[PDB]
Amino acid sequence: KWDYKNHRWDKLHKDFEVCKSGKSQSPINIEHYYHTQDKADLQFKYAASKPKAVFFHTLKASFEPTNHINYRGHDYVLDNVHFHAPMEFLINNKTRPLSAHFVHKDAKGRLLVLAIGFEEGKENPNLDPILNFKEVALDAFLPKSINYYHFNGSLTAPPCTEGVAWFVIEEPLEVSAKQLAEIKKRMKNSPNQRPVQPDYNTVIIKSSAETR
Amino acid sequence: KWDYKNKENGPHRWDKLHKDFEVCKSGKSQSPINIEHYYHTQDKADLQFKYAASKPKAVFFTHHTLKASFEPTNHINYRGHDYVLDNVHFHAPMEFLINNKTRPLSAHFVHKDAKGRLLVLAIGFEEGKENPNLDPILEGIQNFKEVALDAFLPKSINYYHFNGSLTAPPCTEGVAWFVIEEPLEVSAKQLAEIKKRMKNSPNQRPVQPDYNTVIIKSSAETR
Ligand SMILES: CCOc1ccc2nc(S(N)(=O)=O)sc2c1
Ligand SMILES: CCOc1ccc2nc(S(N)(=O)=O)sc2c1
Ligand SMILES: [Cl-]
Ligand SMILES: [Cl-]
Ligand SMILES: [Zn+2]
Ligand SMILES: [Zn+2]
């Protein structure tokens, strides 16, 4: 059984062999990239939303097909949000104590994932509805203006399927220290961060968008 | 047994011939593709060429292409990492399609660095003027005369850069592609001969599935 306990994922199932063999496995440290000033091309179609279900090695909140992201002429339906502690993706070796992943699928079956860091500070109201289920302020969840990193990668969890479009947001969200240990407690006080995977000089663009 | 013919050994079946080749199917950054969506970028000038005229170690037909091997004298520098041009080979038509445009021919500059990491540079050809750069080879397949590598490429190039795979089995990924937009020119006769030297047998992998590849457009000076 696969866990984060103390590189052998490929062994447990042959379905997981790509975890080693893939040349574009995630997460990574974002250190070399291209600046661009091209249109967002990223449109959010988010609303405050109450979960299809809320359940637990990571804390996950799933949703109905109500929230969308449209990228270069294709609609990606929001499936779920889950957390990693520490932040899996590194930005020039800076990681945040917590992260969230927003998972999407298009007509063609393609995957798009949204990642953002958290900053230890003020209480974050967006977390509480989940922590009948209370609705989550998605369209308000995200920063107004985001600087993001976009590149190609894999699932950070098995089967580590690749073909994932990652957009990693620069801005850290804020989380209070009680909330942090609580979710950390919520995840059995067991870390669920895959280490940085081998990076074969991934082509990375830095760009921005308006989430709302 | 892989080939480009429509029988059991074509591209739609390359994954079946050897288990070493399955990434041809399962791989998620498979090349070639149609380059139409990309990001325009600051021209930080990432790529530096260091080519000289060079005589081929060998010029020979292998695995459907005309290949010219070289001593490790011609190089490319990318973000402070140097890749040695290993060989130049040909595909007809051009395999990468640029904004849905297909060219009669392309040339691939295969580079490998110390780590065994791969870099390939592609430039297309369309029918026109006689190319003196080409002729050493068409005769050389039949010592070898040197190739004006330093003179081969356009002075300033527009190219697309992304991560992809090899276009022939084993279809290895982690390949850094530099696809130059500018077409070089070839005479209609030279064109017909290259195809004859490459046996009038197509050696173009079809466009492969695209998983939203991040492509940047930039430019450089080859001279
Ligand atoms: C039905 C199985 O769905 C799975 C399994 C692993 C997995 N990892 C992500 S992530 N952390 O965004 O890269 S999403 C996902 C979905
Ligand atoms: C080890 C044998 O060398 C091989 C096998 C396939 C292959 N495809 C290219 S290409 N068409 O530039 O992407 S180069 C190359 C070298
Ligand atoms: Cl993350
Ligand atoms: Cl090509
Ligand atoms: Zn995740
Ligand atoms: Zn080739």
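Letters A, B, ... are given to chains in the order of the sequence lines, protein chains preceding strands, and every chain is numbered from 1.
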Got more than 12 heavy atoms from elsewhere within 6.0 Å of [atom1], [X]?
X	atom1	result
B:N6	CG	no
B:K5	NZ	yes
A:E210	CD	yes
A:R8	CZ	no

- Top residue by heavy-atom pair count (under 4.5 Å) with chain A, among B:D210, B:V23, B:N163?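 Looking at each of B:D210, B:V23, B:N163 in turn, B:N163 comes out on top.
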- Task: Heavy atoms only, distances under 4.5 angstrom: which of B:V175, B:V214, B:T41 has the most pairs with chain A? Name it, please.
- Result: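 Heavy-atom pair counts peak at B:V214.
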Under 3.5 Å, sequence neighbours excluded: what are the donor-acceptor pairs made by side chains of residues 134-147 of chain A?
unit_1 : atom_1 : unit_2 : atom_2 : d
A:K144 : NZ     : A:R212 : O      : 2.5
A:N147 : OD1    : A:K206 : NZ     : 3.1
A:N147 : ND2    : A:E171 : OE2    : 3.0

- May I ask you to list the residues in residues 54-72 of chain B that approach chain A closer than 4.5 angstrom, counting heavy atoms only, ordered by number?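 Result: none.
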- For B:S26, is it the side chain, the backbone, both or neither that has a heavy atom under 4.5 Å from a heavy atom of chain A?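 Neither the backbone nor the side chain of B:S26 comes within 4.5 Å of chain A.
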- Is there a donor in the side chain of B:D46 and an acceptor in the side chain of A:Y34, or the other way round, less than 3.5 Å apart?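 Yes - a donor-acceptor pair under 3.5 Å links their side chains.
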- Query: Quick one: of A:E162, A:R72, A:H150, who has the most non-hydrogen atom pairs under 4.5 Å with chain B?
  - Reply: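 That would be A:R72.
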- Please round to the nearest 0.5 Å and tell me the distance separating atom OG1 of A:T161 and atom NZ of B:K28.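 Reported value, rounded in 0.5 Å steps: 6.5 Å.
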- Message: Run the salt bridge (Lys or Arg N to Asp or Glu O under 4.0 Å) test against B:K25 and tell me which residues pass, sequence neighbours left out.
- Response: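 B:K25 satisfies salt bridge (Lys or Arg N to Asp or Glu O under 4.0 Å) with B:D15 once adjacent residues are dropped.
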- Just checking heavy atoms, which of residues 96-113 of chain A are less than 4.5 Å from chain B?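 So far as heavy atoms go, A:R110 are the residues that approach chain B to under 4.5 Å.
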